[PDB]
Amino acid sequence: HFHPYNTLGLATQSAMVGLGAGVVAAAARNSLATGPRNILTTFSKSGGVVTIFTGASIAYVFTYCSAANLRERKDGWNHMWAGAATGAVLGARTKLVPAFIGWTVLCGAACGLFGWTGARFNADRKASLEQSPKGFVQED
Amino acid sequence: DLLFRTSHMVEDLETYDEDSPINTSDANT
Amino acid sequence: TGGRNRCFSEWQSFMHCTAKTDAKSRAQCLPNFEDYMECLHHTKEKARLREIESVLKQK
Amino acid sequence: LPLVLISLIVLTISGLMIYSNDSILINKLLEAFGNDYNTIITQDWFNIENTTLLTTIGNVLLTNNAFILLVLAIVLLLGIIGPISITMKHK
Amino acid sequence: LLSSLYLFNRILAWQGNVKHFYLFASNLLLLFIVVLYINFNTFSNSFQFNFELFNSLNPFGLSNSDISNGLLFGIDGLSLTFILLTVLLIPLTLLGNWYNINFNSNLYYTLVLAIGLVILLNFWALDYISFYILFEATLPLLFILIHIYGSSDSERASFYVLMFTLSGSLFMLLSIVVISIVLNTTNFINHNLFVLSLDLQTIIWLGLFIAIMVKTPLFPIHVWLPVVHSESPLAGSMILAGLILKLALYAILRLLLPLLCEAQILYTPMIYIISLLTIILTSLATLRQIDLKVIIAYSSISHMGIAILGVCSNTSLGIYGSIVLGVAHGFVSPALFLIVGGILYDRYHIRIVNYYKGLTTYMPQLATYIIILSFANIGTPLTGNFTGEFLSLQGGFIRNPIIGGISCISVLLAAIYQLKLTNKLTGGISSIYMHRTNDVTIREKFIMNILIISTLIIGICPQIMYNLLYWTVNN
Amino acid sequence: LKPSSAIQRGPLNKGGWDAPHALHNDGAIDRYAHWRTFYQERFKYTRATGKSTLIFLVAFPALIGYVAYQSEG
Amino acid sequence: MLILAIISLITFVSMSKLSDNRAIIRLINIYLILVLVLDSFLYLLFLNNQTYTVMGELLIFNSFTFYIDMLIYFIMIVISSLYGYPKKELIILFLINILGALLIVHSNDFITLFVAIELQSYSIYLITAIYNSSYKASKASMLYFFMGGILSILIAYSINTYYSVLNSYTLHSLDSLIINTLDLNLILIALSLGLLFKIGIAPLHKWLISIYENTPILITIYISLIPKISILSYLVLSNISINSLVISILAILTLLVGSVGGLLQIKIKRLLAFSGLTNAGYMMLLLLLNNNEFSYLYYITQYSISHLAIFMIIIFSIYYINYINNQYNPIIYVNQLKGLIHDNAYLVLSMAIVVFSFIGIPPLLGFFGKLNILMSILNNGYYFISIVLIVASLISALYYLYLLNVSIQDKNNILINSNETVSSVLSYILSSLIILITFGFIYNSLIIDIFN
Amino acid sequence: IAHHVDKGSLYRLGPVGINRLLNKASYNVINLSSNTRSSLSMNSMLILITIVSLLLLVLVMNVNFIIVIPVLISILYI
Amino acid sequence: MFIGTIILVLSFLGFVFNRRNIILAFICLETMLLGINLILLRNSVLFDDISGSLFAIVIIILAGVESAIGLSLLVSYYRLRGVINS
């Protein structure tokens, strides 16, 4: 059928992926201004973009594997109920209006509702399920 | 919003992706 | 556009595999193709030599 | 400088590793760095090489692939007409 | 022969001597009324698509004679009632707007006549390709008609059209693409036959459904409609053609039978709740709203919401009540919008209600054309509408009794519109206006009276051009 | 400096007989109407939460009435 | 017969009195007669689209490439008429740019490809700064040069790794090698991203756009269209990666969102530069296909005619502004052309139908470009990318309609007293009439390309 | 209050003309440090970030495809 | 192929981190085209006679025209030859 995931096994590897993304990209964004200084003050500019990356995995895929343990069998409907928690870290991006953080939670959930796997394959002529075989015609 | 221009002088304003400070108000040779 | 190569000798026994359409048999050229590859890079040659020098290392 | 160039040197070292042969792993990343270790190539002897040639064969291929030569004639044409019509400023 | 109307195009070319280009544009639609009326003498029985024309000409450029008919196939069927809804309304717009042309240009009439022919071809379409190529070709003409000639902030008004009714439209493009790549054919008049299995019969239903959700609005977006209605440009087709443009109930009836023979998985848990809480909520939105056109725009949303639960009823009563609302609302509501625009906006230029109240004391017969017409919008014991929403509530109660048991409060909330409206329209002070002018413009009287008699003359329900359950039922 | 050639541009005129505009303005009532016909400013306040949840709940109750009662026997 | 034309009129520009407004009439009529008497190769073109190869390295695909060079000839005839009827001595390198572009649409093998993309790029570097008495063009040309150099060595490094894994060069020798050594896939996506410098995929995004606004309008029509069709026509002629294997889909996702999120723009050139970028991003989605080229071949023409059309319309709209910008570039703000419908509103009608083109209202273009695009997508199964393409179309339609809504509001003070400026009017009328009457012959092409 | 809700539906459309009008300034503020002069350096560091992020995300792809935050954090900018 | 990738990468990230002297960037972009040939030539030597070295003589002949257009375009990074400006 399916297999329940190692929630810690995905979780710590995903958190290291998020931290590596925060190093390689959220510290790469130091070209943007004329406040120069290299290393000690890059993270003064960039404390607010690191853990936006690292917290995103800890929000998302932890919720994803826990949903796979709760509503099992690996359905796409996990994702909509996963990425909403990602919006919570998006809510930590802007603690201005909790109505806007519920707004960005539900919109991030609807965004996560669809992005299951882009560039699907092995669907030579796609989108034609076939019924039980009785010399079928209206599929491919 | 909306912005417009019909008089461009004292050019080279930095804080814009592309501002109204044009390139040929007057040339020189 | 293929000069007198030190690996030309595996075009023909790859191309005569694709003379007939067995690239749509999809596997009949794979011995020929990976022998062409071993002419290109000598990979399993090199692993064989690494194995025998590892055996050399334990004497 | 260091905050992106260190990561970029690492990523481009992994690109040089991605020039390796066929292994779908990180084993090929280490394989090309040890490429000299297990191997020293063996030259051979002259089996029927009649005429002496080093860049003569380059012109033989430039005769077989003549069309790219006649097109890089056009790129040298552009290399001379462009600097005329960008710097002379006719009157 | 062939050039018998290109010679008439030379008559049109020389007819711009008298520089109005308006009276010819009215006489053209007047002849089109008879050219549809003689066409009504043909669709006798046997319930197949009676006339035929290919008009995209796989082996020509304008003809119909082939064996590999890779063309558009524009033709008539039991759709013809909507066509008989249409051609008696198309001059009735222009005659309703004959005076207040607002002389920027004359081409306004050409735009209105253009979309008047285009939605006729919508009703004459057959194929998904053919229905889509006419189902939004209106919209550039709609956009130019809102952008110039509007009253309010046109930059706010016109963009909501090409946001929303293009949005749902190119969502409909997904379903049209998918069913055109499964079938590799689209002749919807000739294909009530598919072995389309479910779970991929389902998502094409979604792709069609949110489209028609946009067109005939529901509570995910219905703000599409009333701001088009708010800045409503130039009385004749300020509303009226964009009121018949939401007769995309022809889409939900012409489509969604022939390859949705299995869609009861999403019939009752989706359409009925999304209809019922429109008829509650959106009809309840007309209490505090102050624009005079928005309060009948929401009434139009309510009437179409009644009609679509009639559509999705799987009973022939529901289908026939839906079609007769499709003609009945298209009679009564263009009359109301011609009231508020043609002879009540132009008298005052203002569309609010708060200093607008007070009539019947200098415009006598205006109120007599107000109150019976607002009753014809109310539900009306006779057929202005009644048997429409009556039979629609019948079918809706048959398919599911509980949501119909709430949906009968439609008549209360229909009363909430006009009977709040009318008594605080005809309350005898009128102390902020200056006793404007004559009420009936003697041609505005004709344009209101034709739609009034056309509503009331549907008392004996004429179902002759509709074998109703021809193709919309299930076992 | 060379610009804006010698095409003689006139002044345009939207034309009508003068409307007597037999009304008044009621500038405060125009202010109320202009406040009504714009809802940029809907700041999702504490009452708005009860409002939007009431709309979603009136959806949900009709749903649970509908989909669990598709057939009455 | 382009090389003979080049070597003829480089000799003709030599020993010329620098009149230099007649030679383009000769080049226009010469390309016209060459198309008119060289369309006779269409009969010998296709029995079953039989390819024909020059010397092993150059390919003539008679259904695809024989249409692509005809489009190149067509838009060149239009550009050459646009310079006729402010100029320097330049049509020699217009024609050799064409020669390079046609080589890359005929290039079977990477040596011809690399020579021709670099010839083409050198042509772009030169055409950017022929109008050398600018400060816009001086900056833009050097920026285009440096980044074209980076992207050029990216091309060549991709193919050098390709040679390093396989001692051949031809993609004819790729021949469904289904063992698919993974570095072959990574080399091929590197070559893809290398050729995709011109589309300005959203990480490679901004740099083209300042160049487009810093060229004169008589130039930015030419190089928002030539390499746009050229490198992609190569990229669809050979389908490098059957699917994306998520690499390219991410590039077009961040493109078709992150270049249509570039909504608020007051500069005209930026606006339709983003238009020509995102509609080029469209046809990248069927670079993600296999055995599908009809949608691409139709979408090029049923985009590029209208792109040419909207540039020609805002060329015609210089006359009506009561202000101009710099000597080289007339009309850069949207709000310059406000009350244009109270001027000659037939061109407002043309501008309307060519912007309703780009949003894709059905009966002229969008139900025949985007419909073929979407059937090519949903043939494969890329279900998510369909709905993000739909979002891209709506948000693109918003800044598209920005042009029509600023086009026809109300004029301050301008109606009518003038002389005429015409005889290129049949060009814009031809493009607009072919835009809004393709629904007539939208089935004849469906049979003709079914037989090719 | 039903009308007050119906304006929350415009709060599903107003922000389509407002949150996009924050997305525009956010997309045009990035890679716009100098943006009139010195525009080479922005683009060169940008295409370095292009090849680094894209090769690193290919590495992220072929180990655990479930990790789909690296695009979602990129949508945090626009 | 260490010998060509290392000079290519150092020319490349020299072209990135080049906040001085436009022409050093320009010649780093030049030296990319000889960092690539040390890859190409040794791949051809490890293989054969003239297959990739034909592309090598092509990229040399074309790298000439690269530097030619780059100089003759860098001359026009300004006004032309010399006038008053600012």
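Numbers here mean position along the shown chain, with the first residue as 1.
According to its header, this structure was worked out by electron microscopy, 4.3 Å.
Backbone N, Cα and C atoms are what each Cβ position is placed from, and that goes for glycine too.
Taken straight from Swiss-Prot:
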TRANSMEM  E:20-40  transmembrane segment
TRANSMEM  E:70-90  transmembrane segment
TRANSMEM  E:107-126  transmembrane segment
TRANSMEM  E:159-179  transmembrane segment
TRANSMEM  E:203-225  transmembrane segment
TRANSMEM  E:233-253  transmembrane segment
TRANSMEM  E:265-285  transmembrane segment
TRANSMEM  E:292-312  transmembrane segment
TRANSMEM  E:323-343  transmembrane segment
TRANSMEM  E:366-386  transmembrane segment
TRANSMEM  E:401-421  transmembrane segment
TRANSMEM  E:446-466  transmembrane segment
Residues from the same chain, set at least six apart from the ends of the transmembrane segment (E:366-386), whose C-beta lies under 8 A from its own: 296, 299, 303, 325, 328-329, 331-333, 335-336, 339, 343-344, 359-360, 411, 414-415, 417-419, 421-422, 425-426, 439-440, 448-449, 452, 455-456, 458-459, 461
Winner by Cβ pairs under 8 Å against the transmembrane segment (E:70-90), considering only E:20-40, E:159-179, E:203-225, E:233-253, E:292-312: E:20-40
Seg_contact(the transmembrane segment (E:233-253), the transmembrane segment (E:107-126)) with at least 3 CB pairs under 8 angstroms, min sep 6: yes
Surrounding residues of the transmembrane segment (E:159-179) on its own chain - C-beta under 8 Å, 6+ positions past either end: 128-129, 132, 135-136, 139, 142-143, 146, 186, 203-208, 210-215, 221, 223-224, 227-228, 259
Remote residues contacting the transmembrane segment (E:107-126) - C-beta distance under 8 A, at least 6 residues beyond either end: 21-22, 25, 28-29, 49, 72-77, 79-80, 82-83, 86-87, 90, 93-94, 97, 101, 133-135, 137-138, 141-142, 144-145, 149, 187-190, 234, 236-237, 241, 244-245, 247, 250
Remote residues contacting the transmembrane segment (E:401-421) - C-beta distance under 8 A, at least 6 residues beyond either end: 272-273, 275-276, 279-280, 283-284, 286-287, 295-296, 298-299, 302, 306, 309, 353, 374-375, 377-379, 389, 393
